[PDB]
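[1] Here is the input, now give the coordinates:
(5 chains)
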Amino acid sequence: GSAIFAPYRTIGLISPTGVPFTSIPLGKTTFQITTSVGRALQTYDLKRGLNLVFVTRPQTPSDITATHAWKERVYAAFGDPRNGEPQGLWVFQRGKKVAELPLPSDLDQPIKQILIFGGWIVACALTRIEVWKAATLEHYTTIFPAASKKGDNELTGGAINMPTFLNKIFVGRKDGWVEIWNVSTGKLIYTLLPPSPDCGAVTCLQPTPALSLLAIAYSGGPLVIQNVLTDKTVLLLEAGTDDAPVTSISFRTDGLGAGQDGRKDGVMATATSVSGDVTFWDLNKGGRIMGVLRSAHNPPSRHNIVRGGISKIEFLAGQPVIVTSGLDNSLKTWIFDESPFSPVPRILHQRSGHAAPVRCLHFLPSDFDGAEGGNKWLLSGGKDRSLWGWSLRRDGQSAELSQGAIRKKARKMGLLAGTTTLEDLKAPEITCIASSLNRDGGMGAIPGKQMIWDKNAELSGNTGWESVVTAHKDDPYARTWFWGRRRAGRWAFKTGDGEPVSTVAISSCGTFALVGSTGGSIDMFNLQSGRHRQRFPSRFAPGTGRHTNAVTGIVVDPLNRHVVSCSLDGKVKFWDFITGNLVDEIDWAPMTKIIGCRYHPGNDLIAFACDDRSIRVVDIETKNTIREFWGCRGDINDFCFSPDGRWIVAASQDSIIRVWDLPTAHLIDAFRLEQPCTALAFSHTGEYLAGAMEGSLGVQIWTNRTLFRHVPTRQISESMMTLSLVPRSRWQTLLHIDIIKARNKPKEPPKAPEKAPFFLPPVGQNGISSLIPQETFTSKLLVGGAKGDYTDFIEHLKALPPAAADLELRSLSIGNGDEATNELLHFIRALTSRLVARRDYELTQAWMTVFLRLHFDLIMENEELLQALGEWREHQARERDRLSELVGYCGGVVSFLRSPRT
Amino acid sequence: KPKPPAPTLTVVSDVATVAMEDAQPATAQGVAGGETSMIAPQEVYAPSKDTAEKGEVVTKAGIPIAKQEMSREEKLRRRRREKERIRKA
Amino acid sequence: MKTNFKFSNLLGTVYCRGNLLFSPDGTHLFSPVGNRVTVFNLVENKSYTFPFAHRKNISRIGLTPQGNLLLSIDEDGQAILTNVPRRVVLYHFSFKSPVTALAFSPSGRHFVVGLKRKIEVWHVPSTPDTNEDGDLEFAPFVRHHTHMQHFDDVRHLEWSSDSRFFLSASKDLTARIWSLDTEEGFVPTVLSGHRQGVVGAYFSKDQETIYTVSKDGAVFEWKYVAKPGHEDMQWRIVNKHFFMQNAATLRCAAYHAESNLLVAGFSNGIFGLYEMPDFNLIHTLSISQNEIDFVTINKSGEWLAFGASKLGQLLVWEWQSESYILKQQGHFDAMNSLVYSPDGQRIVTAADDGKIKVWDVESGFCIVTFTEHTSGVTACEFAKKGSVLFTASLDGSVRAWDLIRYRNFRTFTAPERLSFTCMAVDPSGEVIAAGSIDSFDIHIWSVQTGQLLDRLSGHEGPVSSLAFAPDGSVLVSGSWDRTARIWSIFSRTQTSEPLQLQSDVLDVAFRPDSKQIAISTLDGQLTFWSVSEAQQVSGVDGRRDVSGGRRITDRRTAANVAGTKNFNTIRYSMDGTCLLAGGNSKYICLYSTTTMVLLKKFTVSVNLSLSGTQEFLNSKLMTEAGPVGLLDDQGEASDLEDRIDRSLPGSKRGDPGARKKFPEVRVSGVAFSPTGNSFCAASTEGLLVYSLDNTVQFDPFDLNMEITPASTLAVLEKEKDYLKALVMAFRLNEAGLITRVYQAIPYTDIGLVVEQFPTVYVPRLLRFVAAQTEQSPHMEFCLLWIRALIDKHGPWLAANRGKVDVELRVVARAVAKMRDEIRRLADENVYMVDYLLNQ
Amino acid sequence: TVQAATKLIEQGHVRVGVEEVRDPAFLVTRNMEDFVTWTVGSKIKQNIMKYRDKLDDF
Amino acid sequence: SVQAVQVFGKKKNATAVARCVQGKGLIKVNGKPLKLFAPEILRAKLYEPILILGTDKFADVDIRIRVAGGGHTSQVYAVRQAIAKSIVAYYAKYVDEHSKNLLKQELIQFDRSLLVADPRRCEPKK
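    Numbering: from 1, shown residues only, chains lettered A, B, ... in the order given. The protein structure is shown below:
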């Protein structure tokens, strides 16, 4: 593990895996939709949008491969033991593990699906069914289907129950057989054979809303619906191509929706895994088709990077809505309209994410001190050409910054039916992003609708213009985005050199957007008017400072004084802002080749990542490098600062993330990942670090453990008169405790009754206050005077409340008439010892002040302690002459130097 | 328009300023602050003719000088100064 | 200077609506102030404020009986729990209903919470502070049970002493007893029979008698005795007795079970405490005129803490000594103005309640409340001397207080009756100028004479802002005739040079080195003029930078709202390099006066119970009858004094009726600290003190590559080159390392180090030794440091005097602390000892 | 008319002195009747200046 | 639809209306060009805002000025005030506020009377 960063949650991830979701009806108004993160499950509610209700903890040690949702509990089976990984089945409830299932010892197979009914939970693994009893959660028996060939034993499809059939599961085989198994006595009771046996493998099977009719879907293409006690085919439908087998089927249990009028029942939706379109059948006359909803999710392509397919279809119980979940990190629910007849439905809810790995990350700058803070909005640019704004606070308020009517354009083109793709209809993949919400206008940024990426300023100045500037992969324009409206901005700035953009930056004031080409040219644009203002260099010698190679990492000072711009080949150049001329260069040309830079405002420090696998931190004010870091064994993928400035975190291509303490110039931690990290972004306050991995779609949030618990990690790795500590308040009211209690008495007295309660009940620790520290102050003082050291009595008297201190200083007495039995002489000698030792000057003077104030008569009439007062006066006079000369000299000379002209 | 100003008198005591302070566990002043007695020495005692002795007078300087030890020239000059104040009024 | 301002403590209000708490030790008092929670340390006079901020006002505070975890509930049930030793925000979690009761278990493992009818007992989450190998979970709270066996609002929840049962006191007149787990001889019984609903049901020490205190003023005992026909016993009632507070209903009662005493606070503000099991009235008194809202008791039992919500009115009462521990009052009106003291230890604010009060910056308590004004107090000001305070107000009088004797030695009025709204005073302290809205003349009195010097005139409108120049030569007035005036009064010719502007002048401020002046107009623009040659040298158009708005009752978009687009008050830094500007809006701007850019913008409040804190209100809160925070909901109140609307129609500036539902956000006064490194602003929520964050941020000065803390301690301990080590530590700028080397070099080599020290690091060193004198117990060491510094670099500081004024001021107040704290005592002791030795 | 005046001070064009007034019940005394006027960026003020042909756009 | 900004300029009794629209770069005073309308020595007072701001700011605008009243000197001061305030108001409304602030800063750094007319009241030494 690590010593700093502890894992929190993979955000931006709703349905990335082949594991289908599971829907459970809550009551008469809600549905819980439970999908699989891959290491956890997410349950959303349907009436409340699709906002996240529960996510499952703790993270399971392997990948979840099956799920089901019974009454409250969610059963999740994980682990494919054929490659290393441990396996199990866990019962969660409200996102916490409440039970575990005892798997059998001889289970060396992945576990494909779970099915709960009667009092039995049933797990179809691959060629084997393990059945538990649910009331006690105990193992019952194990169903072993048998075959003559090696292939035909495989239990593809699954098992399902018919609703009014007692204790019977219906399994599908790799051969065309659907075998009924009585799960009480573990007995094969019937088998039903495929019709026209060219169709080979049972791909799925689903119970109809009719009684004892099952819908079997074969790999050769046919859907049959069959009486499973008569073994007689009710309908036969050529529902699939031999290359596109029907994989998920679901029936509408509403009671209407077919027959070209919408008032007849019998609708079935179906989907294949190789397509992204669902198909609706009216089963009434012969089972005709009525509509095909095309491109409900992304169609999967083996050549493309964007994932796709449809993992599951589910009509909800007795409702028009259909919940479909695809492999392209997306969950949609569609609804059939009532009053016009819609053969295909219209979308009502949708959540989505990136359909590809995340390329770049950027935590948004802090809303100045507001409720957003620095740590709410992440901005993730993916490899599927989309820029998402994730919210770490609630996972339902995250939405894609829209580039226009992309789905309307793709439907008015032929991009949804079957030329380019819907991803190719967008701007190219995002290289880097930089944003500043000093002029983000919120929702009303520029009222009305504006053009997008064009290639009136009183209203822009009143409300607010663009906020995010974005350098894309191989395009010469650097696009701009409204942030507060969540849409694409109205400008698109060309480089000037014509070469594609390499880096981009925005000013701290939110006005200027600086683009930097891969050819060398750096241009500055005003974002309100979208106009080219200053070119670097304009047209050392003025007019000639142009880079010879690509420009990676420009950044602007927050005072708008300098812009520091970094070449690929070699040098770093500080330009003047308003002039556009070169001020100062630093050349690491023959030895480095800098691949990036990060800047820390509020610290005036720049960190450059070079191609020698090193990070050089330079102070921009003194223009010399101050810290070089040599730790990487691969190219630096992404690196970032801490908001304190005290660390710099770098994720290299070797899949090790290293943290460097910048004041100590040392390593702190270096933790190894399972996959190399592609992007890092620390939040603008110190809790969250976010890493976008390689291969994983959706980012990984780590917390910062040092903010909560102190970690002692500094391990460089490779693989005189003094005062006291006593509070001023305590001793300064010991010196003044008469008038302070006199002001603390109320003006009118409390109205105590005539029959007043004598002997009030005792409060405090044993009759006295609870502030007096528990184990005879006179015994302390006299044994300290019998010995030489009064340190015990002084360290006891220091830690007293002022009322008890005035009490133990008023209760001193002469007593018997000996020198060893009186407290006054020993108190004076104790203060004399403290004046000799030079330890507690202010407390000694305060104690002596109140002591002389309330004991002057005895010390005036007695002569046995005037010698002690004389010795105290000798030491006090020496120390006060020295200290009063000191403090009077400093006070008078400082008062002179503050105003020497009178 | 606020109100016509009508005379209001406030009776201050001889307690310290930490009696005018609000109720809190300890004072905000130091140890030097807290002995300031909220009325000046001019209100504790001011030498004047109404609080002088019988034989003596007090001057404008606040110093008791007796009429017996005062000479004739200083008596004449003090009569002239009091008559000058009476003429001014 | 470095403009890196985080949020330090809130100040100026001591209590708002919510629950009060004590520490388990008994010293710290946790009180909610709007949407934050202050901690008042009472054993040493200190205070701080937790760094969180709720979106609405605090409803509840709970505290784990170990002491470490605090759990604060806002309205609408959003909860934040936080670690009190390391003041850091730990978890956010939303109870979906408004929490109306909350109680942690004394074992520490559970906490129960009453959302209106529900009763949920939750587990207390495992925290990174308590586990060794642990981290933040996602959803840390695990619900244990929910009980809806109940019919109305759950008003109170009280655990047992063995933490196995708890009591829920209700609004449906029935207290109930619940368990944690299923016990053997228990049924979850109800305790019926009251008249106006239970305020609180409490256990005894040996959990046999349980007491119920109801709203009508009656407390009943409940015992498990047999039914009167005699296995068969019933929780029935043994005796009942009544508080005879005549025309009031009790609002909050508490019960200390270890010492057996019950305190009850009533609607007429007179609380009473009673030794309960025989019911002897210990005493009773009237702490407040309005009412008492929340009572808590010490764990020791010797202190009580009361809070009234309608005013500030937080007070701790020590009952056996019969005296207040503290009796504190926040402003219950709009804070009109504020000024720091020229020392910088205490600030003084003046509100429209009629009172002015002097808060101490440390410990957060008001130390004196001057109450001679009979109307709302406008601007208050100090002199250069810092001992005299001059305050103007709408009752027509500029009063003049002396802060070493606490009495107004002067009061000034105009002969025709005016109502002064702004004032300035010469830094000599001898001339007061003041200006009003009724007449356009600007009045000038003398402090040492008392009578009116002059009525200056030349303004064609009411004069809005006055400022005397800090050297003392020039008054500047700014008025709604779109004009400003450079009045030269003190010369033999009395002259007036006008500065013609574009709109009405709202604020006037000087640079400390007096050559420059910034005047803020009604367009929203700041104009930086020169005072010698009266020409504008600089300007900021700052409408967009401050425009954050859309109140309720505002039918414009927040971008089109005019009125929250100007700067009502502006103040220079004590450096003189950065303005700070605040108006009737959510944002405080911090401008640079040379480079003319906005360095940093702040947001005063996240609090959504105030009105103008977000510029885009959501359409969920708009019904078909206007917004949802606009319907008059006074009629759904149980109490008549809450139902009565004694409000006047159309009263913007204060009325004693003061409906005050959803008040606006406005910054009515800002001030920088004279010691530097802080400013503060009087909002409507309180008095927010912002300060620089230097300990939580690495920021080197001019660093090399071979300079680490290891190398600094190496050249300290091995090489023993003290000047090199100290310059390296000040160059690294890490306060722990600087403290380590500063204490490590010896007091005979102080002189050599200071003689060879650099003058670029001299002012940072002076500020550091001033802080070390004011904080560390190494007083003679730091005074030798200060003496060597001023004796070596004497002529340089006196030659500069403007670049080093704040360093000299903080050194001066450090030696003022050491001059007033120890040497007066030493001198008085040696003279008393000399007299007693001379008999 | 008083109807148009209540509409204009609900839309917020009218300040009294230096502060904008959104409440149509604010009792204007005899010496604040000399200070009630339009707000800063008022479209009604631009309409009056455009009628009088003194529309200064600065 | 059209970009048009009307700005006034003032002196003792000489007033100037300047309407600034989107154009090719001409400046006309009373229908005659700016290089014609003045006394021959006060044209350097007229060309002051153009030479402060540079000609690149005036490359896009067309300004039409009418003057009435005053004498030659008062009319020249009114024309230069109308020119300066007119280009600042056009850059306020139709291009960026940063350019408006830059133009205002350059003009105020030269002479404040190009933007704010200061009338001569009567207040001698009382």
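
[2] can you give me the strands for chain E?
    Counting by DSSP state E, the segments of chain E that form strands are E:4-10, E:14-22, E:27-29, E:32-33, E:61-69.

[3] Kindly reformat those strands as a markdown table containing distance to residue A:400 and mean neighbour count.
    Every C-beta, even on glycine, is put in place using the N, C-alpha and C of the backbone. Below are these laid out as a markdown table (distance: least, Cβ to Cβ, whole Å; neighbours: other Cβ atoms under 10 Å in any protein chain shown):
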| stretch | distance to residue A:400 | mean neighbour count |
| --- | --- | --- |
| strand E:4-10 | 40 | 21 |
| strand E:14-22 | 38 | 21 |
| strand E:27-29 | 50 | 20 |
| strand E:32-33 | 56 | 10 |
| strand E:61-69 | 42 | 18 |
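
[4] Can you name the residues that contact residue C:768?
    By Cβ atoms under 8 Å, 6 or more residues apart in numbering or on different chains, the residues touching residue C:768 are C:730, C:738, C:742.

[5] what's the answer for residue A:165, then?
    Taking Cβ under 8 Å, 6+ apart as the definition, contacts of residue A:165 comprise A:212, A:228.

[6] burial measure for residue A:232, as a count.
    Here the neighbour count serves as a burial measure; for residue A:232 (other Cβ atoms under 10 Å in any protein chain shown) it reads 9.

[7] Could you look up the SS state of the closest residue to it other than its chain neighbours?
    Once its chain neighbours are removed from consideration, residue A:232 has its nearest residue in residue A:226; the separation is 6.7 Å (Cβ to Cβ, 6 or more residues apart in numbering or on different chains). Using DSSP: H, G, I helix; E, B strand; the rest coil, the secondary structure recorded for residue A:226 is strand.

[8] Name whatever forms a beta bridge with residue A:226.
    For residue A:226, the residues forming beta bridges with it (DSSP bridges) are residue A:214, residue A:233.

[9] hang on, it packs against residue A:237?
    No: between residue A:226 and residue A:237 no contact is recorded; they are 11.9 Å apart, counting by Cβ atoms under 8 Å.

[10] so, in contact with chain E or not, stretch A:470-486?
    No: interface with chain E: stretch A:470-486 contributes nothing (Cβ under 8 Å from any Cβ of the partner chain), its closest point being 14.5 Å away.

[11] CA-only coordinates of that stretch, as CSV, when you get a sec.
    In CSV, the C-alpha atoms belonging to stretch A:470-486 read as follows (Å, rounded to 0.1, in the frame of the first residue of the first chain):
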residue,chain,number,x,y,z
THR,A,470,-9.0,23.1,-24.2
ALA,A,471,-6.2,21.8,-26.4
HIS,A,472,-7.3,18.8,-28.5
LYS,A,473,-5.2,16.1,-30.1
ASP,A,474,-4.3,16.9,-33.7
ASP,A,475,-6.4,20.0,-34.4
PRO,A,476,-5.0,23.5,-35.1
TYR,A,477,-7.8,25.1,-33.1
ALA,A,478,-7.8,25.2,-29.3
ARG,A,479,-11.5,25.1,-28.3
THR,A,480,-13.3,27.0,-25.6
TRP,A,481,-16.1,26.0,-23.2
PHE,A,482,-18.6,27.7,-21.1
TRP,A,483,-18.4,26.0,-17.7
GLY,A,484,-21.5,27.4,-15.9
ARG,A,485,-23.8,26.6,-18.8
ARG,A,486,-22.2,23.2,-19.4
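
[12] Check which helices and strands the helix ranked longest in chain E sits against.
    Ranked by number of residues, the top helix in chain E under DSSP state H is helix E:72-94. With contacts taken as 3 or more Cβ pairs under 8 Å, 6 or more residues apart in numbering or on different chains; DSSP states H and E, helix E:72-94 sits against helix A:458-463, strand E:4-10, strand E:14-22, helix E:43-46, helix E:48-53, strand E:61-69, helix E:97-110.

[13] buried residues in it?
    E:74-94 (16 or more other Cβ atoms under 10 Å in any protein chain shown).

[14] can you tell me how far residue B:40 sits from residue C:409?
    As judged by Cβ to Cβ, to the nearest Å, residue B:40 and residue C:409 stand 10 Å apart.

[15] And residue E:34, by the same measure?
    The gap separating residue E:34 from residue C:409 is 67 Å, by Cβ to Cβ.

[16] higher neighbour count, those two?
    Neighbours around residue E:34 and residue C:409, counted as other Cβ under 10 Å, are more numerous at residue E:34. The numbers are 18 against 13.

[17] do you know how far the more buried one is from chain A?
    27 Å (Cβ to the nearest Cβ, to the nearest Å).

[18] That residue: what's its closest spatial neighbour, skipping adjacent residues?
    Of all residues apart from its sequence neighbours, residue E:27 sits closest to residue E:34 (Cβ to Cβ, 6+ apart), at 4.3 Å.
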